[PDB]
Structure formats: structure tokens, C-alpha cells
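Peer 1: Please find my_file.csv (CSV, C-alpha atoms and all ligand atoms) on the next line:
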chain,number,residue,atom,x,y,z
A,5,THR,CA,90.8,102.3,61.1
A,6,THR,CA,89.4,102.2,64.7
A,7,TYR,CA,92.6,103.8,65.9
A,8,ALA,CA,92.1,106.7,63.4
A,9,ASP,CA,88.5,106.8,64.4
A,10,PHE,CA,89.6,107.1,68.0
A,11,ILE,CA,92.2,109.9,67.6
A,12,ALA,CA,89.8,112.1,65.7
A,13,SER,CA,87.3,111.9,68.6
A,14,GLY,CA,86.4,114.1,71.5
A,15,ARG,CA,87.4,111.7,74.3
A,16,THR,CA,91.1,111.2,73.8
A,17,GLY,CA,92.2,113.2,76.7
A,18,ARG,CA,91.7,112.7,80.5
A,19,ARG,CA,88.1,111.4,81.1
A,20,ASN,CA,86.2,113.0,83.9
A,21,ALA,CA,84.0,111.1,86.4
A,22,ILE,CA,80.2,111.3,86.2
A,23,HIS,CA,78.7,112.6,89.5
A,24,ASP,CA,75.2,113.9,89.2
B,15,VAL,CA,96.0,83.7,100.1
B,16,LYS,CA,92.8,82.9,102.1
B,17,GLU,CA,95.1,82.9,105.1
B,18,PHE,CA,96.7,86.2,104.0
B,19,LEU,CA,93.4,87.9,103.4
B,20,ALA,CA,92.2,86.4,106.6
B,21,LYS,CA,94.9,88.3,108.6
B,22,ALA,CA,94.2,91.3,106.4
B,23,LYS,CA,90.5,91.7,107.3
B,24,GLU,CA,91.4,92.1,110.9
B,25,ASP,CA,93.7,95.1,110.5
B,26,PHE,CA,91.3,96.9,108.2
B,27,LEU,CA,88.4,96.2,110.6
B,28,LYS,CA,90.3,97.8,113.5
B,29,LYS,CA,91.1,100.8,111.3
B,30,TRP,CA,87.5,100.8,109.9
B,31,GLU,CA,86.1,101.2,113.5
B,32,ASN,CA,88.6,103.7,114.8
B,33,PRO,CA,89.5,105.9,111.7
B,34,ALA,CA,92.2,108.4,112.4
B,35,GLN,CA,91.8,112.2,112.2
B,36,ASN,CA,93.7,115.5,111.9
B,37,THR,CA,97.3,114.2,111.7
B,38,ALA,CA,98.7,117.5,110.5
B,39,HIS,CA,98.4,121.3,109.7
B,40,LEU,CA,98.7,123.0,106.3
B,41,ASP,CA,101.7,125.0,107.4
B,42,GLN,CA,104.0,121.9,107.8
B,43,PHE,CA,104.0,121.5,104.1
B,44,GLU,CA,105.4,123.5,101.3
B,45,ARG,CA,103.0,123.7,98.3
B,46,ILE,CA,104.9,123.1,95.1
B,47,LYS,CA,102.8,122.1,92.1
B,48,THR,CA,99.4,120.9,90.9
B,49,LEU,CA,99.7,117.3,89.6
B,50,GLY,CA,96.0,116.8,88.8
B,51,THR,CA,92.8,118.7,88.9
B,52,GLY,CA,89.1,117.9,89.4
B,53,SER,CA,85.5,118.9,89.9
B,54,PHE,CA,86.1,120.1,93.4
B,55,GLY,CA,89.9,120.2,94.1
B,56,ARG,CA,93.4,119.7,92.9
B,57,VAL,CA,96.2,117.3,94.0
B,58,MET,CA,99.5,119.1,94.8
B,59,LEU,CA,103.1,118.1,95.0
B,60,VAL,CA,103.8,119.2,98.5
B,61,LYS,CA,107.0,119.1,100.8
B,62,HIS,CA,106.9,118.2,104.4
B,63,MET,CA,109.3,120.8,106.0
B,64,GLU,CA,110.2,118.7,109.0
B,65,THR,CA,111.2,115.6,107.1
B,66,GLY,CA,112.1,117.1,103.7
B,67,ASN,CA,109.7,114.5,102.2
B,68,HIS,CA,107.3,114.9,99.2
B,69,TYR,CA,103.7,113.8,99.2
B,70,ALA,CA,100.7,114.4,97.0
B,71,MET,CA,98.2,116.5,99.0
B,72,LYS,CA,94.5,116.3,97.9
B,73,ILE,CA,92.6,119.5,98.6
B,74,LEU,CA,88.8,119.2,98.6
B,75,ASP,CA,86.8,122.5,98.7
B,76,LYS,CA,84.1,121.8,101.3
B,77,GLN,CA,81.4,124.1,99.7
B,78,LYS,CA,81.9,122.5,96.3
B,79,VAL,CA,81.7,119.0,97.6
B,80,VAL,CA,78.3,120.0,99.2
B,81,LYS,CA,77.0,121.8,96.0
B,82,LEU,CA,77.9,118.6,94.1
B,83,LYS,CA,76.3,116.4,96.8
B,84,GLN,CA,79.4,114.4,97.4
B,85,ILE,CA,79.7,114.3,101.2
B,86,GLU,CA,79.1,110.6,101.8
B,87,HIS,CA,81.5,109.7,98.9
B,88,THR,CA,84.1,112.0,100.3
B,89,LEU,CA,83.7,110.5,103.7
B,90,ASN,CA,84.0,106.9,102.3
B,91,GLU,CA,87.2,108.0,100.6
B,92,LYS,CA,89.1,109.1,103.7
B,93,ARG,CA,87.7,106.3,105.9
B,94,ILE,CA,88.5,103.5,103.5
B,95,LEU,CA,91.9,105.0,102.6
B,96,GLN,CA,93.2,105.2,106.1
B,97,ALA,CA,92.1,101.7,106.7
B,98,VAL,CA,93.5,99.7,103.8
B,99,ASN,CA,97.1,98.5,103.2
B,100,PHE,CA,98.4,96.7,100.1
B,101,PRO,CA,101.5,97.0,97.8
B,102,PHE,CA,99.4,98.5,94.9
B,103,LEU,CA,97.3,101.1,96.7
B,104,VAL,CA,98.7,104.6,97.5
B,105,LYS,CA,99.4,105.3,101.2
B,106,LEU,CA,97.4,108.0,103.0
B,107,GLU,CA,100.0,109.7,105.2
B,108,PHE,CA,97.9,112.4,106.8
B,109,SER,CA,94.6,114.1,106.9
B,110,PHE,CA,93.4,117.3,108.4
B,111,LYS,CA,91.0,120.1,107.6
B,112,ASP,CA,90.5,123.8,108.1
B,113,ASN,CA,87.8,126.3,107.9
B,114,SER,CA,87.8,125.9,104.1
B,115,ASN,CA,88.9,122.5,102.9
B,116,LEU,CA,89.7,118.9,103.5
B,117,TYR,CA,93.2,117.4,103.0
B,118,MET,CA,94.6,114.0,102.3
B,119,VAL,CA,98.4,113.9,102.1
B,120,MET,CA,99.3,110.7,100.2
B,121,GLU,CA,102.5,109.3,98.9
B,122,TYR,CA,104.0,111.0,95.8
B,123,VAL,CA,104.2,108.4,93.0
B,124,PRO,CA,106.9,109.8,90.7
B,125,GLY,CA,106.2,107.7,87.6
B,126,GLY,CA,103.2,109.7,86.3
B,127,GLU,CA,99.8,108.3,85.1
B,128,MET,CA,99.4,105.1,83.1
B,129,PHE,CA,97.1,107.1,80.9
B,130,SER,CA,100.0,109.5,79.9
B,131,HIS,CA,102.4,106.7,78.8
B,132,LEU,CA,99.8,104.7,77.0
B,133,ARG,CA,98.5,107.8,75.1
B,134,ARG,CA,102.1,108.7,74.0
B,135,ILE,CA,103.2,105.0,73.4
B,136,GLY,CA,100.0,104.2,71.6
B,137,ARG,CA,99.2,100.6,72.8
B,138,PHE,CA,100.9,98.1,75.1
B,139,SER,CA,102.1,94.6,74.1
B,140,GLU,CA,100.1,91.8,75.7
B,141,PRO,CA,103.0,91.0,78.0
B,142,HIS,CA,103.2,94.6,79.2
B,143,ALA,CA,99.5,94.8,79.7
B,144,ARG,CA,99.4,91.5,81.6
B,145,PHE,CA,102.0,92.8,84.0
B,146,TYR,CA,99.6,95.5,84.9
B,147,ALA,CA,96.5,93.4,84.9
B,148,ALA,CA,97.8,90.9,87.4
B,149,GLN,CA,98.4,93.8,89.7
B,150,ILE,CA,94.8,95.0,89.5
B,151,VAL,CA,93.6,91.4,89.8
B,152,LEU,CA,95.2,91.0,93.2
B,153,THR,CA,94.2,94.5,94.2
B,154,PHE,CA,90.6,93.8,93.5
B,155,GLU,CA,90.9,90.4,95.2
B,156,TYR,CA,92.0,92.2,98.3
B,157,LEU,CA,89.6,95.1,98.0
B,158,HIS,CA,86.5,92.8,97.5
B,159,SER,CA,87.5,90.6,100.4
B,160,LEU,CA,86.9,93.6,102.6
B,161,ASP,CA,83.4,94.1,101.1
B,162,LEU,CA,84.7,97.1,99.2
B,163,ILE,CA,83.8,98.1,95.6
B,164,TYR,CA,86.4,100.3,93.8
B,165,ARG,CA,84.2,101.7,91.1
B,166,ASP,CA,86.6,104.0,89.1
B,167,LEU,CA,89.2,102.0,87.2
B,168,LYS,CA,90.7,103.9,84.3
B,169,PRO,CA,94.3,104.7,83.2
B,170,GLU,CA,94.0,108.1,84.7
B,171,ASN,CA,93.7,106.6,88.2
B,172,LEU,CA,96.7,104.2,88.0
B,173,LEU,CA,100.1,105.6,88.6
B,174,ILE,CA,103.6,104.0,87.9
B,175,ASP,CA,106.2,104.0,90.7
B,176,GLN,CA,110.0,104.0,90.6
B,177,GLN,CA,110.0,100.2,90.1
B,178,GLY,CA,107.5,100.2,87.2
B,179,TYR,CA,104.6,99.0,89.4
B,180,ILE,CA,101.1,100.2,89.7
B,181,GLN,CA,99.7,102.5,92.5
B,182,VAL,CA,95.9,102.8,92.5
B,183,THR,CA,94.8,106.3,93.6
B,184,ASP,CA,91.4,108.0,93.9
B,185,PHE,CA,89.0,106.2,96.2
B,186,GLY,CA,86.3,108.9,95.7
B,187,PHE,CA,83.7,106.3,94.8
B,188,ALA,CA,85.1,103.4,96.9
B,189,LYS,CA,82.4,101.9,99.0
B,190,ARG,CA,82.2,99.1,101.7
B,191,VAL,CA,78.9,97.4,100.7
B,192,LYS,CA,77.5,94.0,101.5
B,193,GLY,CA,74.6,93.6,99.0
B,194,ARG,CA,73.5,95.6,96.0
B,195,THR,CA,74.2,99.3,95.6
B,196,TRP,CA,72.7,102.0,93.3
B,197,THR,CA,74.7,105.2,92.6
B,198,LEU,CA,75.4,106.1,89.0
B,199,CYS,CA,79.2,106.4,89.4
B,200,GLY,CA,82.4,106.2,87.5
B,201,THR,CA,83.6,107.2,84.0
B,202,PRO,CA,81.3,106.5,81.0
B,203,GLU,CA,83.8,104.3,79.2
B,204,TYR,CA,84.1,102.0,82.1
B,205,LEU,CA,80.4,101.6,83.2
B,206,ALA,CA,79.0,98.1,83.4
B,207,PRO,CA,75.6,97.8,81.7
B,208,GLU,CA,73.8,97.1,85.1
B,209,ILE,CA,75.0,100.5,86.3
B,210,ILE,CA,73.8,102.4,83.3
B,211,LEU,CA,70.7,100.2,83.4
B,212,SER,CA,69.8,101.5,86.9
B,213,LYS,CA,69.5,98.0,88.2
B,214,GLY,CA,71.5,97.9,91.5
B,215,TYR,CA,74.9,96.1,91.4
B,216,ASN,CA,77.7,94.5,93.3
B,217,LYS,CA,81.5,93.9,92.8
B,218,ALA,CA,80.9,92.4,89.3
B,219,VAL,CA,81.3,96.0,88.0
B,220,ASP,CA,84.9,96.0,89.0
B,221,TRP,CA,85.6,92.9,86.9
B,222,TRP,CA,83.8,94.5,83.8
B,223,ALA,CA,85.9,97.6,84.3
B,224,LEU,CA,89.1,95.5,84.4
B,225,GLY,CA,87.9,93.9,81.2
B,226,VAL,CA,87.8,97.4,79.7
B,227,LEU,CA,91.2,98.3,81.1
B,228,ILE,CA,93.0,95.4,79.6
B,229,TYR,CA,91.3,96.2,76.2
B,230,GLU,CA,92.4,99.9,76.2
B,231,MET,CA,95.9,98.9,77.2
B,232,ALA,CA,96.5,96.2,74.5
B,233,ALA,CA,94.7,97.9,71.7
B,234,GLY,CA,95.2,101.5,72.5
B,235,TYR,CA,91.6,102.6,72.7
B,236,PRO,CA,88.3,101.7,74.7
B,237,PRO,CA,86.0,98.9,73.4
B,238,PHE,CA,83.1,101.4,73.4
B,239,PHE,CA,83.7,105.1,72.5
B,240,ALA,CA,81.8,108.0,70.8
B,241,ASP,CA,81.7,111.7,71.3
B,242,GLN,CA,79.1,112.0,73.9
B,243,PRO,CA,78.5,109.7,76.8
B,244,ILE,CA,74.9,108.8,75.7
B,245,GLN,CA,76.4,107.3,72.6
B,246,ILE,CA,78.9,105.3,74.7
B,247,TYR,CA,76.2,104.0,77.2
B,248,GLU,CA,74.3,102.8,74.1
B,249,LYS,CA,77.3,100.8,73.0
B,250,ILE,CA,78.0,99.3,76.4
B,251,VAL,CA,74.5,98.0,76.8
B,252,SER,CA,74.4,96.6,73.3
B,253,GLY,CA,76.8,93.8,74.2
B,254,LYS,CA,78.6,93.9,70.8
B,255,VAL,CA,82.4,94.1,70.9
B,256,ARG,CA,84.9,94.0,68.0
B,257,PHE,CA,88.4,92.9,68.7
B,258,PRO,CA,91.6,94.2,67.1
B,259,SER,CA,93.1,91.7,64.7
B,260,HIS,CA,96.3,91.7,66.8
B,261,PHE,CA,94.6,90.2,69.9
B,262,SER,CA,95.6,86.7,70.8
B,263,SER,CA,92.9,84.2,70.9
B,264,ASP,CA,93.5,83.7,74.7
B,265,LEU,CA,93.1,87.5,75.1
B,266,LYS,CA,90.0,87.6,73.0
B,267,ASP,CA,88.5,84.9,75.2
B,268,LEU,CA,89.5,86.4,78.6
B,269,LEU,CA,87.8,89.6,77.3
B,270,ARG,CA,84.7,87.9,76.1
B,271,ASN,CA,84.3,86.5,79.7
B,272,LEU,CA,85.2,89.7,81.5
B,273,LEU,CA,83.0,91.8,79.3
B,274,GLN,CA,79.9,89.7,79.7
B,275,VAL,CA,76.6,91.5,79.9
B,276,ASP,CA,75.0,88.5,81.5
B,277,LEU,CA,76.4,88.8,85.0
B,278,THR,CA,75.6,85.3,86.0
B,279,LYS,CA,78.1,84.3,83.3
B,280,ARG,CA,80.7,87.0,84.0
B,281,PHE,CA,84.2,86.0,85.2
B,282,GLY,CA,85.0,87.2,88.7
B,283,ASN,CA,81.3,86.9,89.5
B,284,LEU,CA,81.1,83.1,89.2
B,285,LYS,CA,81.1,80.2,91.7
B,286,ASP,CA,84.9,79.9,91.7
B,287,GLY,CA,85.4,83.6,92.2
B,288,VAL,CA,88.6,85.4,91.2
B,289,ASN,CA,90.2,82.0,90.3
B,290,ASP,CA,88.4,81.9,87.0
B,291,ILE,CA,90.6,84.9,86.0
B,292,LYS,CA,93.8,83.9,87.8
B,293,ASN,CA,93.5,80.5,86.1
B,294,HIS,CA,92.7,81.8,82.6
B,295,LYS,CA,94.9,80.8,79.7
B,296,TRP,CA,96.1,84.3,79.1
B,297,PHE,CA,97.5,84.5,82.6
B,298,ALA,CA,99.2,81.0,82.5
B,299,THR,CA,102.6,82.6,82.7
B,300,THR,CA,101.9,85.0,85.6
B,301,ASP,CA,103.6,84.2,88.9
B,302,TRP,CA,101.1,85.9,91.2
B,303,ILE,CA,103.4,85.3,94.2
B,304,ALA,CA,106.4,86.9,92.5
B,305,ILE,CA,104.2,89.8,91.4
B,306,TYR,CA,102.8,90.5,94.9
B,307,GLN,CA,106.3,90.5,96.1
B,308,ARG,CA,107.4,93.0,93.4
B,309,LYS,CA,110.0,90.5,92.3
B,310,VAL,CA,108.9,90.5,88.7
B,311,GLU,CA,110.7,92.0,85.7
B,312,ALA,CA,109.0,95.3,85.2
B,313,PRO,CA,108.6,95.9,81.4
B,314,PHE,CA,108.8,99.7,81.6
B,315,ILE,CA,110.3,101.9,84.3
B,316,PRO,CA,109.6,105.6,83.9
B,317,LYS,CA,112.8,107.1,85.2
B,318,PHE,CA,112.8,110.4,86.9
B,319,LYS,CA,115.6,112.7,87.9
B,320,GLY,CA,115.4,113.1,91.6
B,321,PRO,CA,112.9,114.0,94.4
B,322,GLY,CA,110.3,116.5,93.5
B,323,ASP,CA,110.8,115.8,89.8
B,324,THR,CA,107.4,116.2,88.2
B,325,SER,CA,108.2,115.7,84.6
B,326,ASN,CA,105.9,112.8,84.1
B,327,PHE,CA,102.8,115.0,84.8
B,328,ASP,CA,101.1,117.6,82.6
B,329,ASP,CA,101.0,121.3,83.5
B,330,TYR,CA,98.0,122.8,85.2
B,331,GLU,CA,97.3,126.5,85.9
B,332,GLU,CA,97.9,127.3,89.6
B,333,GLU,CA,94.9,128.4,91.5
B,334,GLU,CA,95.8,129.9,94.9
B,335,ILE,CA,94.7,128.3,98.3
B,336,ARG,CA,92.1,130.4,100.0
B,337,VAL,CA,91.1,129.6,103.6
B,338,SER,CA,88.2,131.4,105.1
B,339,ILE,CA,88.0,133.3,108.4
B,340,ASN,CA,84.8,131.4,108.9
B,341,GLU,CA,84.6,127.6,109.3
B,342,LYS,CA,82.5,126.5,106.3
B,343,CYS,CA,80.7,123.2,106.5
B,344,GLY,CA,81.3,122.0,110.1
B,345,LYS,CA,78.6,119.6,110.7
B,346,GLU,CA,78.6,118.0,107.3
B,347,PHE,CA,82.3,117.0,107.7
B,348,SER,CA,82.7,116.5,111.5
B,349,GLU,CA,83.8,112.9,111.2
B,350,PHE,CA,86.6,113.9,108.8
C,401,LIG,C1,100.3,112.5,91.1
C,401,LIG,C2,100.1,111.7,92.4
C,401,LIG,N1,101.1,111.3,93.1
C,401,LIG,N2,100.7,110.6,94.2
C,401,LIG,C3,99.3,110.6,94.2
C,401,LIG,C4,98.4,110.0,95.1
C,401,LIG,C5,97.0,110.2,94.7
C,401,LIG,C6,96.6,110.8,93.6
C,401,LIG,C7,95.1,111.0,93.3
C,401,LIG,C8,94.2,111.1,94.3
C,401,LIG,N3,92.9,111.2,94.0
C,401,LIG,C9,92.5,111.3,92.8
C,401,LIG,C10,93.3,111.2,91.7
C,401,LIG,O1,92.7,111.2,90.4
C,401,LIG,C11,93.6,111.6,89.4
C,401,LIG,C12,92.7,111.9,88.1
C,401,LIG,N4,91.5,111.0,88.1
C,401,LIG,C13,92.3,113.4,87.9
C,401,LIG,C14,91.9,114.1,89.2
C,401,LIG,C15,92.6,115.2,89.7
C,401,LIG,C16,92.2,115.8,90.9
C,401,LIG,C17,91.1,115.3,91.6
C,401,LIG,BR1,90.6,116.1,93.2
C,401,LIG,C18,90.4,114.2,91.1
C,401,LIG,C19,90.8,113.6,89.9
C,401,LIG,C20,94.7,111.0,91.9
C,401,LIG,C21,97.6,111.4,92.7
C,401,LIG,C22,98.9,111.3,93.0
Show the structure stored in the file as C-alpha cells.

Peer 2:
Amino acid sequence: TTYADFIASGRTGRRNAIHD
Amino acid sequence: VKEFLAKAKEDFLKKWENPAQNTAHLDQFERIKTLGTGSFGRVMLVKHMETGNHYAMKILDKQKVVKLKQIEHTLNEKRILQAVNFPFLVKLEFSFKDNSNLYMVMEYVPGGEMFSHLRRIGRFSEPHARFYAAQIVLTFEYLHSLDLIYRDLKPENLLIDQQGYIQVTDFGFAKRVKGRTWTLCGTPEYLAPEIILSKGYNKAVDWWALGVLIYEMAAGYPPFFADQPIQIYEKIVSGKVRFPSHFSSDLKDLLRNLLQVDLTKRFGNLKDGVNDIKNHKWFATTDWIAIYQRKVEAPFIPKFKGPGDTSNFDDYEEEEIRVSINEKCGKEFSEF
């Protein structure tokens, strides 16, 4: 499931902002 | 509305032109606890000793803002923040600076981040998500009217207050711009294709970001995700979205419009402006007046147990405040 696919991933926590 | 915003432009303009400075000292506050952290600073629960009030003080290291080439952006932040005034934006109460850092003492929003609840809860029901959308809809309608672009919409930047309402924080990429702009800014998951495609952009990126928000709220995960940002950018520019089977048809069609790669076909960017959204089928039950007044039934109310209660925020290691004997980046920040 997409949900499963999402929880197993590297970006489930707080996402940082892209500067340079 | 048009009348409202009309009066609104005038107070912002006055403020825009004569931005305020140094409204306090460090030693008037009692440092209590880090509520968030970032590339060049941390936000702290702080207590004003004279009033016994609590605020969130943002502490920017001057040297690190310089190393990361973020001077203009930092300047935009304080200037735009002290100038705006809306029910869904956090209030900047003070600002000052010392030899070592820059400070912005804002209002302590007790409810915690939207991110936190949504992660724990999983996904929001359409009605709960819509409650929150409507609030970003008006907020953008206000923001854009002042020729501002927000540029950093994500659950991490939206806080819930005592009444279950939204409080948009972090105006580190906010910019007053008439015409196109070019900085690669934001969070990967929320970038509009034009931005990743280095093609100059306008406000339309704020409506694509909203389209992403609503999606992550109602389904529990972003419409485009992968392990590394390059993989995400690839998805964003592909213009291929799959919708969860539990999405209503009205929601699927609001989202098709908001997440339009063709920005001459994207809602919010069209002829009728923000009304295309405010008049969409999904929103047919929303009382925008009642919502602006905070007279709507808030679907969820994070309850907290008293002032200074920080149980809706994650724990962070405490770094100690160090203030140099030597003023650090004087010229670069003189207008702060
Ligand atoms: C809690 C809280 N209560 N009252 C607030 C008013 C503003 C803010 C706020 C102000 N700038 C940015 C923000 O961002 C948060 C999050 N993106 C993580 C992050 C962390 C530290 C840096 Br510095 C930058 C990013 C949040 C928080 C509170």
C-alpha cells in the first residue's frame, strides 16, 4: 500500500528546507 | 473582502516603510525550552519576566546566516513579519539583536505542530482537512494581496492554537515581489514544477503547495515522495498523480486543478483568481465569514495543561546561548 510504502521511507519525519 | 483587503494594504504599507527595531533585550526573558531547531538557530519557549508571559523566541546565529547566504531572506522575514496582521499568522512581539545573534519574540502557540498530530493520527477526514484548508485559503488571499509570496507551506510550519485554529509561522522565505522571482526555495515535497524547472515564478507556487497540503492531510502522505529529493523533483515535474480510493470526487477534482503543471490552467492563477477555489464544489459547505471570525466548530482542539505547557512539542537537546564580546556581522544586519 502507498501508506506502507510511505512509512518505510526516509522522509517521514520533519522535512528540512532547501537553501543552497 | 475587496474592501477589507483594501483597508489592510494601508496598514501593511505604513509598517513596510517604517519597520520597527530593537524592541527588547535578552535579559528581560527567561529561556525555558527549545521547541524547534534549524539550519542556523532554534526557537525557544521563553518567559517575559516583567509581564509573566510566554513567547517563542527565534534565535538566528549571525555568522551561520552569512555562511549559508541567507541575509536577504532573514531581512525579508523580520520586515514582512512586523508588517502583517491577520488571525492566522503568528504575531511578532519583539525583535532585537546582540553582538552574536538576531531575535524575534513571537507568540507561543500552545497546540503544537499540525505535522505532529497528523503523523500520530495518520490522516484527517475531508471535513477536518477542509477546516484547515479554508484557513490557508484566506491567509494566502491576504498575503498575495500585499504582493507577498509565502513559499514554505508544510505541516511543520502550521501550528494549532487553543481554539483548534491554524497559526502560520516561519516567514524565512516570504517575499514581497511584483513580477517573477527565481530562488530555489522551500521543501522538496512542496516545490512547484516551475521552481524545480528554474523558470522564474509567481504566487502560483503557493496554490500548488496548498494542493499538496490538502493531499497530505486527507491521505496521510505527500502526492510525491521518495528517499532522496532528486527522486521527488522527478515525480513533481512528471505531472502524474495517483489518488487514494477514499478521496471524494470533488476532492479529486479540486486537487487536479490545484496540482496543475500547466500554470495557465492552475486554480488560483486564473482570471477569477482565488474565487475559483473558494467557489469549488469541495468547499461548498465552508462559511468563509464564520471561519475568518473563528466562529466555526473546530474539529480538534489539542488541549494543554496551563501556561508554559510544552507537551505538544518534541524534545530537543539544549545548546547554550553564547554571545560574543565582539559584535559579529554589523553591517550585514544593520537594518534588523
Ligand atoms: C512552537 C512555536 N510557538 N510559537 C511559535 C512561533 C513561531 C515558530 C516558528 C518560527 N520560525 C520557524 C518555524 O519553523 C518550525 C519548523 N519548520 C522547524 C524549524 C525550527 C527552527 C528554525 Br530557526 C527553523 C525551522 C517555527 C514556532 C512557534

Peer 1: May I ask you to write as a PyMOL selection string all residues lying at most 9 Å from ligand LIG 401 (chain C), with all atoms listed in the file counted?

Peer 2: (chain A and resi 18-21) or (chain B and resi 48-59+69-74+104-106+118-127+166+168-173+181-186+324+326-327)

Peer 1: Give me, as JSON lines, the closest atom pair and its distance (Å, one decimal) for every residue of chain B within a cut-off of 8 Å of chain A, counting all atoms listed in the file, rows sorted by chain and rising number.

Peer 2:
{"residue": "B:52", "atom": "CA", "partner": "A:20", "partner_atom": "CA", "distance": 7.9}
{"residue": "B:82", "atom": "CA", "partner": "A:24", "partner_atom": "CA", "distance": 7.3}
{"residue": "B:129", "atom": "CA", "partner": "A:18", "partner_atom": "CA", "distance": 7.8}
{"residue": "B:170", "atom": "CA", "partner": "A:18", "partner_atom": "CA", "distance": 6.6}
{"residue": "B:198", "atom": "CA", "partner": "A:23", "partner_atom": "CA", "distance": 7.3}
{"residue": "B:199", "atom": "CA", "partner": "A:22", "partner_atom": "CA", "distance": 5.9}
{"residue": "B:200", "atom": "CA", "partner": "A:21", "partner_atom": "CA", "distance": 5.3}
{"residue": "B:201", "atom": "CA", "partner": "A:21", "partner_atom": "CA", "distance": 4.6}
{"residue": "B:202", "atom": "CA", "partner": "A:22", "partner_atom": "CA", "distance": 7.2}
{"residue": "B:234", "atom": "CA", "partner": "A:7", "partner_atom": "CA", "distance": 7.5}
{"residue": "B:235", "atom": "CA", "partner": "A:10", "partner_atom": "CA", "distance": 6.8}
{"residue": "B:239", "atom": "CA", "partner": "A:10", "partner_atom": "CA", "distance": 7.7}
{"residue": "B:240", "atom": "CA", "partner": "A:13", "partner_atom": "CA", "distance": 7.1}
{"residue": "B:241", "atom": "CA", "partner": "A:14", "partner_atom": "CA", "distance": 5.3}
{"residue": "B:242", "atom": "CA", "partner": "A:14", "partner_atom": "CA", "distance": 8.0}

Peer 1: Can you pull out every residue within 10 Å of residue 160 of chain B, counting all atoms listed in the file, but drop anything in the same chain fewer than 2 positions away, and send it as a tab-separated table (two decimals) with C-alpha atoms, in the coordinates of the input?

Peer 2:
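Full text of around14.tsv as output:
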chain	number	residue	atom	x	y	z
B	19	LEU	CA	93.40	87.90	103.40
B	20	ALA	CA	92.20	86.40	106.60
B	22	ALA	CA	94.20	91.30	106.40
B	23	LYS	CA	90.50	91.70	107.30
B	24	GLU	CA	91.40	92.10	110.90
B	26	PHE	CA	91.30	96.90	108.20
B	27	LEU	CA	88.40	96.20	110.60
B	98	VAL	CA	93.50	99.70	103.80
B	154	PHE	CA	90.60	93.80	93.50
B	155	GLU	CA	90.90	90.40	95.20
B	156	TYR	CA	92.00	92.20	98.30
B	157	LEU	CA	89.60	95.10	98.00
B	158	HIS	CA	86.50	92.80	97.50
B	162	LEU	CA	84.70	97.10	99.20
B	163	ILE	CA	83.80	98.10	95.60
B	190	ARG	CA	82.20	99.10	101.70
B	191	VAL	CA	78.90	97.40	100.70
B	192	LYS	CA	77.50	94.00	101.50

Peer 1: Take atom CA of residue 111 of chain B and atom CA of residue 39 of chain B and report the distance between them in Å, one decimal.

Peer 2: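 Going from atom CA of residue 111 of chain B over to atom CA of residue 39 of chain B, I get 7.8 Å.
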
Peer 1: Could you please determine the separation between atom CA of residue 75 of chain B and atom CA of residue 90 of chain B in Å, to one decimal place?

Peer 2: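 Those two atoms sit 16.3 Å apart.
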
Peer 1: If we count all atoms listed in the file, what is near residue 140 of chain B at a cut-off of 9 Å, once residues fewer than 4 positions away on the same chain are taken out, given as a PyMOL selection string?

Peer 2: chain B and resi 144-145+228+231-232+261-262+265

Peer 1: What does the distance between atom CA of residue 62 of chain B and atom CA of residue 46 of chain B come to in Å, to one decimal place?

Peer 2: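 For atom CA of residue 62 of chain B relative to atom CA of residue 46 of chain B, the distance reads 10.7 Å.
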